[PDB]
Amino acid sequence: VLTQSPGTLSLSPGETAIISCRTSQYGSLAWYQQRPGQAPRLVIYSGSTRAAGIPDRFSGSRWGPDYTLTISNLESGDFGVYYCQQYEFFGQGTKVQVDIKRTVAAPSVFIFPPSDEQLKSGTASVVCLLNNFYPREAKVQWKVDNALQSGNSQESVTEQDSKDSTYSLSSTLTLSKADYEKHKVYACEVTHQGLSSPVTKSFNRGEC
Amino acid sequence: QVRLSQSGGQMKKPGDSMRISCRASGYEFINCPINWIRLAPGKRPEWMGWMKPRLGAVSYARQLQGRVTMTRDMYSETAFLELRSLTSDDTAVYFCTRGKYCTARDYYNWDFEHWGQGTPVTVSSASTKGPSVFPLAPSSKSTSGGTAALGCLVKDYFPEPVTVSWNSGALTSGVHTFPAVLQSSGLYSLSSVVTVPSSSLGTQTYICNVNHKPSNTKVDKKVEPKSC
Amino acid sequence: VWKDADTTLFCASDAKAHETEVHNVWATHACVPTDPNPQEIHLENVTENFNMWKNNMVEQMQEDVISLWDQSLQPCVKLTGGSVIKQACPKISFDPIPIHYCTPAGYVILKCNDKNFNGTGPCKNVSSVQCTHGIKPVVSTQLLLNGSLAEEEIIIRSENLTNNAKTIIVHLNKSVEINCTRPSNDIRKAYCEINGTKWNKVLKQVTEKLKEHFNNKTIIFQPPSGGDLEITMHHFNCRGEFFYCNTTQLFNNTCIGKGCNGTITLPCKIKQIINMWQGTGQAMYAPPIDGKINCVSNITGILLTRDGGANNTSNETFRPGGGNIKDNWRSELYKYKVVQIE
Ligand SMILES: *[C@@H]1O[C@H](CO)[C@@H](O)[C@H](O)[C@H]1NC(C)=O
Ligand SMILES: *[C@@H]1O[C@H](CO)[C@@H](O)[C@H](O)[C@H]1NC(C)=O
Ligand SMILES: *[C@@H]1O[C@H](CO)[C@@H](O)[C@H](O)[C@H]1NC(C)=O
Ligand SMILES: *[C@@H]1O[C@H](CO)[C@@H](O)[C@H](O)[C@H]1NC(C)=O
Ligand SMILES: *[C@@H]1O[C@H](CO)[C@@H](O)[C@H](O)[C@H]1NC(C)=O
Ligand SMILES: *[C@@H]1O[C@H](CO)[C@@H](O)[C@H](O)[C@H]1NC(C)=O
Ligand SMILES: *[C@@H]1O[C@H](CO)[C@@H](O)[C@H](O)[C@H]1NC(C)=O
Ligand SMILES: *[C@@H]1O[C@H](CO)[C@@H](O)[C@H](O)[C@H]1NC(C)=O
């Protein structure tokens with residue numbers, strides 16, 4: 001009933017954060033901020049009314065069912081996770097984390113077939129590595145015999161590197177041994193701003 | 001000045017019950033309902049229910065019916081939360097909260113201006129499971145002017161954390177150890193990878209060293225190209 | 001030309017100065033004789049907004065009833081604020097009489113006459129009166145007793161149905177009698193009798209009304225989730241004694257969905273140690289009087305709360321509520337508001 005977006009927002013100090021919440025019900029909407037290790041704090045209530053201690057840099061707006069929290073001129077104390085609320089219902093949250101800017105870097109994509117050691121365990125994990133890219137925003141789609149995969153993949157992302165300011169992403173596709181031996185073409189397609197076209201890395205089961 | 005102070009964090013096991021307190025001050029306790037919200041990393045904040053101090057009237061969230069109980073002590077102005085039949089899904093930080101607008105004649109429950117400092121509750125089994133360590137093999141052909149990726153998959157362990165080094169710590173450049181993910185089985189898994197010059201694939205030996213303190217497990221795995 | 005305003009209302013009644021009954025004694029000194037020839041002026045081409053949940057008339061009635069109870073139902077021991085007050089606690093004659101509330105000069109009461117009026121919003125048929133109708137200060141939880149009935153259909157009343165923290169008032173259009181009795185020769189034990197046929201038919205109509213407000217979802221009743229006895233049970237004062245009745249059987253979903261017919265008998269008990277509804281604390285009263293203690297009342301309404309939470313199931317759950325006695329007064333003052341002439 002409350003759909004908050006985006007999930008993750010990677011910005012630098014001084015930039016503006018735009019967090020939106022789509023509702024289907026109607027009532028006063030509130031926005032909360034949770035700094036790391038600290039209790040959530042009321043930022044905006046009743047759509048656009050600023051709570052005590054909240055700078056005019058924070059402002060709420062509404063167009064139709066979509067409510068927006070905009071944070072101008074990001075300061076250190078602004079980063080954290082934000083939540084919208086109506087009555088007992090809360091959004092999924094928007095993580096706003098510090099990003100250090102650098103030039104666009106496309107990822108180096110690698111794919112790893114399941115180990116032969118693991119295939120004796122009845123499980124098959126296929127790993128796709130996205131190495132050293134910027135910006136953070138990246139999409140990974142798994143295809144098995146050119147069929148889109150859903151609900152059998154997990155992704156993990158590193159924190160921005162202290163030296164080269166890049167990110168790396170690891171996606172794992174898990175199938176049963178029986179289901180794995182059933183198909184031939186295993187592929188992970190990678191879309192990122194540094195690529196002029198989505199890049200696909202794949203292997204054919206059995207052959208080396 | 002309105003204040004809410006909560007009891008200390010605790011660690012429970014599956015099947016147990018937990019109780020936590022929230023002492024209120026700075027206002028007329030009976031005038032305003034008290035709420036309990038829990039926060040877990042990854043999930044939506046979850047409203048558990050409210051409790052009106054004056055006669056102890058309560059309203060529990062549907063999905064918690066029969067597991068939760070909310071009481072209060074008038075004299076000490078302290079609210080209490082009890083949750084029974086704890087599972088992994090109850091692992092969270094528990095907050096008590098009260099609305100911004102509260103007069104003797106009226107209130108609005110849901111603009112939570114006031115929050116306790118929070119009470120972290122961990123629910124997990126005392127069991128520990130050692131990781132499986134599978135090699136993520138570089139490739140088949142050696143290239144003399146390109147970089148190769150290799151690593152190991154550290155799968156099905158519990159609880160957190162595992163650490164990974166390469167070559168007893170001698171290899172650090174280009175190493176990436178990813179945050180663990182929680183699988184559907186309730187067991188964790190992560191990957192560690194490193195990019196190396198492809199021309200060193202038949203010369204240098206690459207061992208990943210996996211450490212899992214809770215299960216007293218130290219495993220070394222040589223990651224080499226598949227012979228074919 | 002007038003405007004919504006707040007003022008100090010004066011009370012009127014038909015109390016008897018010869019009567020030893022508590023409400024009568026209070027009203028004799030607190031109120032004036034009633035007007036045999038009232039005056040009501042129907043206003044044509046007039047549309048006014050009302051809000052029963054922000055009606056300050058309710059606040060004044062609350063203070064009056066608290067004053068009435070405090071001056072009368074005096075405990076033997078009063079336990080509040082970690083202190084102890086020992087007073088005399090003689091038995092009294094207790095039977096609520098109707099109270100009219102009225103506006104002074106310069107002010108007047110506007111009355112809504114729309115038959116389907118739900119408590120908030122605009123009213124087409126508005127009349128001008130100096131006094132309200134006779135309202136009995138009946139203090140109770142879960143069930144509204146001895147009140148006025150809705151004219152047409154059953155009316156659902158709430159400041160905001162989507163807000164689960166707001167009380168729902170169900171206003172009945174056909175009363176159902178509740179016959180509570182403490183027999184003569186455990187002296188604290190009692191019971192209430194209700195005609196199952198009448199009740200279950202009304203209750204069924206209540207769920208169908210609720211369906212109209214909740215998208216034809218399955219309507220389910222449940223016992224209260226928790227709280228003090230005053231709210232988890234049907235709490236009320238009869239003849240001076242504090243009764244607590246277990247209403248679990250009153251909300252039997254099986255009968256609103258064979259055998260359910262008959263005379264429902266709710267288990268009750270008279271307590272001498274109570275929590276005060278005035279938000280004060282614990283009060284201690286003398287044991288009940290001997291002989292048959294009985295009172296027959298009209299159930300004229302129901303106090304409900306609705307379960308909330310991040311759900312998605314095809315049903316709404318309702319539970320008997322109350323505790324906020326101001327809600328009792330709202331259920332009778334809902335069609336009234338005070339305005340100031342210039
Ligand atoms: C219901 O509550 C909302 C805020 O939650 C408020 O804007 C609205 O006016 C209320 N509706 C009524 C009829 O009072
Ligand atoms: C009562 O009627 C008003 C006016 O249309 C409406 O705004 C409100 O939602 C209604 N309340 C209920 C409980 O039906
Ligand atoms: C109870 O209701 C009956 C009709 O249903 C009515 O005659 C009687 O006066 C009512 N008693 C009250 C309101 O005390
Ligand atoms: C009471 O209202 C219900 C609808 O809510 C209606 O079916 C019934 O006929 C009414 N009873 C009367 C007017 O006596
Ligand atoms: C109330 O119930 C008693 C039995 O407990 C019965 O003797 C009496 O006649 C009943 N009164 C009415 C008005 O039905
Ligand atoms: C209950 O009320 C009905 C009328 O609605 C009446 O016919 C019936 O006899 C009553 N039952 C008992 C047990 O008195
Ligand atoms: C009321 O009576 C029912 C009988 O079925 C019982 O289950 C319930 O516990 C009672 N309530 C209280 C508060 O004792
Ligand atoms: C309701 O009114 C009747 C008389 O009309 C009286 O006998 C009874 O005690 C009253 N009930 C309550 C709860 O005051």
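Below, all heavy atoms of this structure are taken into account, side chains as well, without hydrogens, waters or symmetry copies. First the proteins, then the strands, lettered A, B, ... as listed; each starts at 1.
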Interatomic distance, A/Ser46 atom OG to B/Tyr101 atom OH [nearest 0.5 angstrom]: 13.5 Å
Between NE2 on residue B/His176 and CG on residue A/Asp161, distance to nearest 0.5 Å: 6.0 Å
B/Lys226 atom NZ, neighbour heavy-atom count above 12 within 6.0 Å: yes
Over all atoms of both residues, closest heavy-atom pair of B/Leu136 and A/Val127: CD2-CG2, 3.8 Å
Side-chain heavy-atom pair B/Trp110, A/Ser28 within 4.5 angstrom cut-off: no
Contacting moiety of B/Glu113, where chain A heavy atoms sit under 4.5 Å: both
Proximal component of B/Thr195, with respect to chain A [non-hydrogen, under 4.5 Å]: side chain
Proximity breakdown for A/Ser108 and chain B, heavy-atom pairs closer than 4.5 Å: neither
Distance (rounded to the nearest 0.5 Å) between B/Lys141 NZ and A/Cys208 SG: 12.5 Å
Donor-acceptor contact below 3.5 Å, side chain A/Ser170 vs main chain B/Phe178: no
Heavy-atom check, side chain of B/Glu46 versus side chain of A/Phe90, under 4.5 Å: no
Portion of A/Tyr87 that has a non-hydrogen atom of chain B nearer than 4.5 angstrom: both
Closest approach of A/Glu155 to B/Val181 (non-hydrogen atoms, all atoms of both residues): O-CG1, 3.7 Å
Option in A/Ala30, A/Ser168, A/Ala52, A/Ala51 with maximal non-hydrogen atom pairs under 4.5 Å from chain B: A/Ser168
B/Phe112, part contacting chain A, at a heavy-atom distance under 4.5 Å: both
Partner set under side chain to side chain contact (heavy atoms under 4.5 Å, CB included) for B/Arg23, not counting sequence neighbours: B/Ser25, B/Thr78
Electrostatic pair A/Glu117-B/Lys221, nearest N-O below 4.0 angstrom: yes
Shortest non-hydrogen contact from A/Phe112 toward B/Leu150: CE2-CA, 4.0 Å
Within 6.0 angstrom of A/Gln193 CD, more than 12 heavy atoms from elsewhere: no
B/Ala149 portion near chain A, given a 4.5 angstrom heavy-atom threshold: both
Heavy-atom pairs under 4.5 Å with chain A, option from B/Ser140, B/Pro135, B/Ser189 with the top count: B/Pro135
Under 3.5 Å: donor-acceptor pair, side chain of B/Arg44, backbone of A/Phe89: no
Residue part contacting chain A, namely of B/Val133, when any heavy atom lies under 4.5 Å: backbone
Which of A/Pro40, A/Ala39, A/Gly93, A/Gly91 touches chain B most, by non-hydrogen pairs under 4.5 Å: A/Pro40
Partner chain A: residue of B/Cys228, B/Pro179, B/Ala137, B/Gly42 with the largest heavy-atom pair count (under 4.5 Å): B/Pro179
Winner by heavy-atom pair count (cut-off under 4.5 Å) against chain B, out of A/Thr123, A/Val81, A/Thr158: A/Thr158
Heavy-atom pair count under 4.5 Å with chain A, highest-scoring of B/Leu39, B/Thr147, B/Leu153, B/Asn109: B/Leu39
Contact listing (chain A partner; residues 159-167 of chain B; heavy atom under 4.5 Å): none
Proximity breakdown for B/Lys43 and chain A, heavy-atom pairs closer than 4.5 Å: backbone
Minimum side-chain heavy-atom gap B/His114-A/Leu42 below 4.5 Å: no
More than 12 heavy atoms from other groups under 6.0 Å of NZ on A/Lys184: yes
Side chains of A/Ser125 and B/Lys155 in contact at under 4.5 Å (non-hydrogen atoms): yes
Most chain A-contacting option - heavy-atom pairs closer than 4.5 Å, from B/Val93, B/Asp111, B/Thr97: B/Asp111
Enclosure of A/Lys95 NZ (heavy-atom neighbours >12, cutoff 6.0 Å): no
A/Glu88, part contacting chain B, at a heavy-atom distance under 4.5 Å: both
B/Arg105, CZ atom: more than 12 neighbouring heavy atoms under 6.0 Å: no
Between B/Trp115 and A/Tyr32, ring centroids under 6.0 Å: yes
Separation between NZ of A/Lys120 and CZ of B/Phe134, rounded to the nearest 0.5 Å: 12.0 Å
A/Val157 portion near chain B, given a 4.5 angstrom heavy-atom threshold: backbone
Point-to-point distance, once rounded to the nearest 0.5 Å, from CG of A/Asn152 to OG of B/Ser184: 10.0 Å
Most contacts with chain B, counted as non-hydrogen pairs under 4.5 angstrom, among A/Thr174, A/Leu169, A/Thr172: A/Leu169
Residue B/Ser191 versus chain A: region with a heavy atom under 4.5 Å: side chain
